[PDB]
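Before any questions on binding or motion, here is one chain by itself as structure tokens, the form deposited in one PDB entry.
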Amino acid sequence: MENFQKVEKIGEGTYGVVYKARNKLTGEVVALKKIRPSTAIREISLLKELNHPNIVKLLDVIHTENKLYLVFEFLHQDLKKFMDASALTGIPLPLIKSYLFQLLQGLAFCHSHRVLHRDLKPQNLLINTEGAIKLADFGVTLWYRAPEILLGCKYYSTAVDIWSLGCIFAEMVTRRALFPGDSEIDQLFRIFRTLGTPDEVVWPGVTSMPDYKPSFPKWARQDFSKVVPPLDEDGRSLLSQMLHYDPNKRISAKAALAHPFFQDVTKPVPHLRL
């Protein structure tokens, strides 16, 4: 702190509190996160170089008085608050599609540098007046969690981010969370009831996962047409590939960018009341 005046609390993150603050030198308005190892130090410092138009810029890491503060580019609103704000008519599809396309771009970036987010969720997704959307708060909600994580895979891949983003995608379209678990088992079982209990056909190796049980109930898959009306056939094809059980079949961000759903992408501006 010190060289930064807290203007307000804007969140109580996973790894600490987030403040809007103003730099007493630069004059600059930033987002200041107070965290709470040399290893936390080295991976954090790797973040400072992961720079992309769809990634919140990490301005500075202050390791001082034996505390950790992260200084971030300030954005004025997150996608959760924009969703609650837009619930009556919903986010216009060209806006949903621009948002998805840019997040795919951020993820294409991170993933090509072997960085996973691990915890995407509408609250970590930040928006500006210019129509941009950025990824923040890189890795108690269970809702956007990939099923390989829920099944206890320890060495899971970039495909987890693709799964979270498809859940966010579906949520923007229907104005309700795709899979609102309130426990890990409820989360897993909600995924199962919509998509089918997975098996060796759709996901080789699933019955050998650590937390998999033969006693899991055996639900049938519902059809996507019922899951996210009124997403068009392109949107639905893409969403279906983002939600493949097998993380190895699940579409990449780079491949998803080439999907015909984006043939007509544009960059609308949202109407944001700050």
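Note that the rigid core is defined as the largest set of C-alphas that superpose within 1.5 Å between two forms. Just count from 1 along the sequence shown to find any residue number.
J.: Residues without coordinates, deposited sequence, stretch from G139 to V140: is the count none, 1 to 3, 4 to 9, or 10 or more?
T.: In the deposited sequence, 10 or more residues between these two have no coordinates.
J.: Going by the record, give me the number of deposited-sequence residues missing between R36 and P37 as none, 1 to 3, 4 to 9, or 10 or more.
T.: Missing in between: 4 to 9 residues.
J.: May I ask you to compare 21 to 29 and 248 to 256 by their mean CA B factor in the entry and name the higher one?
T.: Comparing averages over the C-alpha atoms only gives 21 to 29.
J.: Tell me which of 38 to 46 and 220 to 228 has the higher mean C-alpha B-factor in the deposited entry.
T.: Mean B over CA atoms: larger for 38 to 46.
J.: Would you mind finding, among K154, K81, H111, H76, the residue with the largest C-alpha temperature factor in the entry?
T.: In the PDB entry, the greatest C-alpha B-factor among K154, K81, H111, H76 is found at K154.
J.: Which listed residue, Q105, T197, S86, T174, has the largest C-alpha temperature factor in the record?
T.: In this record, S86 carries the highest C-alpha B-factor of the candidates.
J.: When the modelled residues of the chain are sorted by Cα temperature factor, does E233 land in the lowest, middle or highest third?
T.: For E233, whose C-alpha B-factor we compare with every modelled residue in the chain, the answer is the lowest third.
J.: Where does the C-alpha B-factor of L70 rank in its chain, lowest, middle or highest third?
T.: For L70, whose C-alpha B-factor we compare with every modelled residue in the chain, the answer is the middle third.
J.: Taking the C-alpha B-factors as the PDB entry records them, is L59 in the lowest, middle or highest third of its chain?
T.: Answer is middle: the recorded C-alpha B-factor places it there.
J.: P204's Cα B-factor: lowest, middle or highest third of the chain?
T.: It belongs to the middle third of the chain when residues are ordered by C-alpha B-factor.
J.: How does the C-alpha B factor of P180 compare with the rest of the chain: lowest, middle or highest third?
T.: As the PDB entry reports it, the C-alpha B-factor of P180 lands in the middle third of its chain.
Another form, the form deposited in another entry, is not on view; read the next lines as being about it.
J.: Once you overlay the rigid core, does the Cα of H63 travel 2 Å or further between this form and the one not shown?
T.: Comparing forms between this form and the one not shown, the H63 CA shifts at least 2 Å.
J.: If we fit on the core, is the Cα of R42 displaced 2 Å or more between this form and the one not shown?
T.: Passes the 2 Å threshold, so yes.
J.: Taking the rigid core as the reference frame, is the Cα of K254 displaced by 2 Å or more between this form and the one not shown?
T.: It does not reach a 2 Å shift.
J.: Given that the CA-CA distance for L68 and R145 shifts by 3 Å or more in the other form, does it become closer or farther?
T.: Between the C-alphas of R145 and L68, the gap widens in the other form (3 Å or more compared with this form).
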